[PDB]
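This document contains two forms of one protein chain, each encoded as structure tokens and listed individually as structure 1 and structure 2.
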Structure 1
């Protein structure tokens, strides 16, 4: 971990933060719930003001309950009602209207104290937040926000191994010099990008990865440019992709035992739900695009083919994707939904179990025209490796007509999580990354004009707030720079 760079992270004089005190969203949930550092500084304020003690403690306890092993839930719920909900107890929460306290008292299932937590946060967003804004803790948040906006480009990162190769350049495992955090840096050589008309794709990816924060999508931390390249510094995923893992590990016995395959399906499904909730269509889901991190958790990646539906827009058109994964509606030149992605999910689960595609034989290579016809009118065949459940799930995803295809209804995939295939999957624990993964790894003549440079600048948009604050915190740097009296 480089000391010269560590030393460039130093909180500024308050006078330097006056400007970005206007260019900043004051919004409560925006800054105190979503930004890791704001949340940390706002909980600190709370901890040092008696009045708010109970609310802070309840809040903290709820998140503790939401992350507890199922075994400990009953008692944590017990102590929680005892500690904040009996009008006796010291930490009773008088700001909770009795109707809310009643419900919280009578415990349902998963989502038990969710409506409690919403009431607590609704409370904190009023005076407590308004007080925070009038406290030193808020001024500290502005200092941090200032350091976050400072330039941290190429000289800040040390490449030290190739993770893979891609259309426009290599992908390196690299270190952020100050903090020593490990990332993946994806390079896109500038000249090739122009030569091959790939600006739209490159940008769609950067914007998606920046504005999306899921443990199942790879996450963008930084975006800058060099003499030669555009760069995307993002979550490092060191455990190879699903497709590698299907064919290349167990060579003579290709495939996944159902449970493992289901685990991934479940994680991937969570990846889609997030994209679709933000009106994004992936358009490119497949084994080769799904990566494993060191622990054996999985994230979707590679998003050059994605599209963002403009607000109010529900359907779109356009040929795009990988042959053998594009769904019927797309091929028929029709306008399509998120449904497209679910068809791809199905092809994917299928491949994970059968170590082969549904639409061709091993080595069988056909013309596009023919592959198209198979996808459109060929009924899929399910060998014995499949279990009733698997088979049925794949049938529901691979439904030729999107109107009849298992997918995304009512702003979620809840309908889908229901399926008998996910019988042994605790969605709570999965969504929170707290389940044990079933498997743990071990050119000539281009001239740059005005429009080219503009594009580059718009691409190199600098640091991504949430992931940077995460890094500062995980890496210890926040604790160190934040001390008041040593």
Structure 2
């Protein structure tokens, strides 16, 4: 697919303003939701602030804090100094007068990791008041509505060209496809309708869809579009051309398999960030393993396949249910007891162990064991560590592979902050990692392909009613990201050529 389609790009055209009146009422106009969380909203909000002299200081301070948050440690002292001199001095041209004396004085002191975070909250609080109100009453808000109208237009199977098959497995096939208008590459997972019904796979598919839709993280595969065809239910999501971790452990360098420790730590840190994102939203992954951790072109990883994931309702702290992969399921799960997010951290310990050791903690390399035998080992067998493990790796895996979930390291006080402070992540800049700034340790070769692999019922009302609910359409944030990434936003959002 060495070519976008101009026929479908032509369909991406901004509507007249009258077509956006209906949308203006039936839409969440929250400041946080519109101008911070939605890329096009933020972009248009900042353009508004740019073009209004009085909001210049607040805009540039906002940008410089974000600049400081992603900068190299060597440049941070300088950028902190320049920032304070530019915005936090009464006589400075871009002095932010809207701040309190308390916040300005505070920001002028200290040089910590979380510096300017109180300052950012103060700026965003200010911007969400008067400047936001002015924005709603400006052309830039109307332009946002135009983009939102375009976002809501139908973009089903006709907008996607499948050009290669990636996998064939449980419940359907996975294709690599191109969004025709913009040319962006996606992975499309197609679930066969008849097969789903036959396996009663409605809950598992619906739950996965809803989770992928509501979650937005660089360490979890994103859902961009959800639509239906005559035969399939389709999920268009982030493509990951590097393939799964497991392949990279064993099938590159087969004479010395396993990752170098720095590389294993990098992926672990990325996985942790993904897990935290789910756990902070009361979701349990329940299927963490090398084969479900995928690599993209740049060498960054994401967790995938949320089919066994479960969301706790409000008030609920633990759940019950046998689900997962043999060798990665925690003891408390295997015993049929209640469990929380701790099960995912046990799986992380196993995942990290396998990355370094090039084998499971409970089996030798290539050993085939029956599920009853492997169940006994997880519950009873103590994990041994070969010489490739450093003191940090061993200690960390020992902490994660605790059979008792009370003694096990993981989610505490609404975060993984306690886990981050382990000496294993000594050389990891969490701040840059989470912003996707860190250079990955290994970059996959685009030439190289990192993989192996190769009834009649009628539909009722409840089936079609379910499929429409499933086919929720375009996911707002991933779509906006796409419009910007591909330059379609820049191209259509002009004023004077």
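Here, rigid core means the biggest group of C-alpha atoms that superpose within 1.5 Å across both forms. Positions refer to the first chain, counted from 1.
When the two forms are overlaid on the rigid core, CA displacement between structures 1 and 2 of 2 Å or more is confined, within 125, 151, 164, 318, to 164. Annotation: Cα of residue 366 displaced by at least 2 Å between structures 1 and 2, core superposition. Relative to the superposed rigid core, residue 381 shifts its CA by 1.3 Å between structures 1 and 2. Superposed on the core, the two forms differ at residue 209, whose C-alpha moves 0.8 Å between structures 1 and 2.
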